[PDB]
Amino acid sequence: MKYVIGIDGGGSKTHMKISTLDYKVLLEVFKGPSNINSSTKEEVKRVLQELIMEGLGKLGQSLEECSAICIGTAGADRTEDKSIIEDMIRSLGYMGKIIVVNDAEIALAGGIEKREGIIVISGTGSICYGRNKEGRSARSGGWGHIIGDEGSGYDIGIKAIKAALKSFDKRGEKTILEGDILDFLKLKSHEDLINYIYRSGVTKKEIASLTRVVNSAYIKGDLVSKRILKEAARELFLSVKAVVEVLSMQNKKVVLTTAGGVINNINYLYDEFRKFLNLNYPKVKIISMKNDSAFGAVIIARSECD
């Protein structure tokens, strides 16, 4: 009867779980992206409306019976973005508790099931977020696909295209990415990449998918692809170092986990990142996420209920 909503506005999808107050997940719903930095406000509003309404339709209950809603989404970086997202949910007619956080905060909650720890995201975007034993939080990275997202899938896809073009026009080292990217995208020639990137409405998720090609080429022995993966791991490590030092956790026991289909999928990248952490922070323990981010959002919403 009573339920909560938890929404993960990740870089790959929007993922909503509806749960009872004793954490029995009743249903989940998937829609497209919800980042106001890469879609119009009307586009995002529509996504969240369609997402919530499809779940309520399966649930058979109205929104005003919902005890709390938590949404962690990419693009919720500033207090001003928090209130914009809150407004698109209130516009549905909800007057209960709404908690809007960055997608890294719900990944922390789902991954560690506590408030204290470190989370690195590398999916279509990248970010590090942490909270120390004193309850103080900090973040690094997360500045988006133009002025940030170092070590994200989007960043690896752009760098893969750049390395393939430099291989083609003779400014860089030869790499099998030169032909492999064209095969993957079903393009005849490198000039076709101009239509693909600038003319066709390409999405961040589409560019980030080229991380699959880099991983494949690394397995085939390609040195350029291997160095792209290594440098992304270093960028991700730098974001942890930044948060660890800001929160004065350099020499404290810390639990760290990771989210996103780039850091969690590519063995070499994950290994290099773990190596950097192990070199620098003896007391950081690395674990896998206990639940997913949408269940983290359920934890944050339900924890606000009596």
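Residue positions are given as counts along the sequence shown, with the first one as 1.
As the entry records it, the average C-alpha temperature factor is higher for 61-69, out of 61-69 and 245-253. When the two stretches 72-80 and 206-214 are set side by side, the higher mean Cα temperature factor goes to 72-80.
In the PDB entry, the Cα temperature factor peaks, among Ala259, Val240, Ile266, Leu279, at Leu279.
Going by the entry's values, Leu92 shows the largest Cα B-factor out of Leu92, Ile112, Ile228, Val120. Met1: CA B factor lies in the highest third for its chain, per the PDB record.
Per-chain ranking of the deposited C-alpha B factor places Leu21 in the highest third. The entry lists a Cα temperature factor for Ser200 that places it in the highest third of the chain's modelled residues. Sort the chain's modelled residues by C-alpha temperature factor and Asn132 lands in the middle third, per the entry. Remark: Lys166 belongs to the lowest third of its chain, ranked by C-alpha B-factor as recorded.
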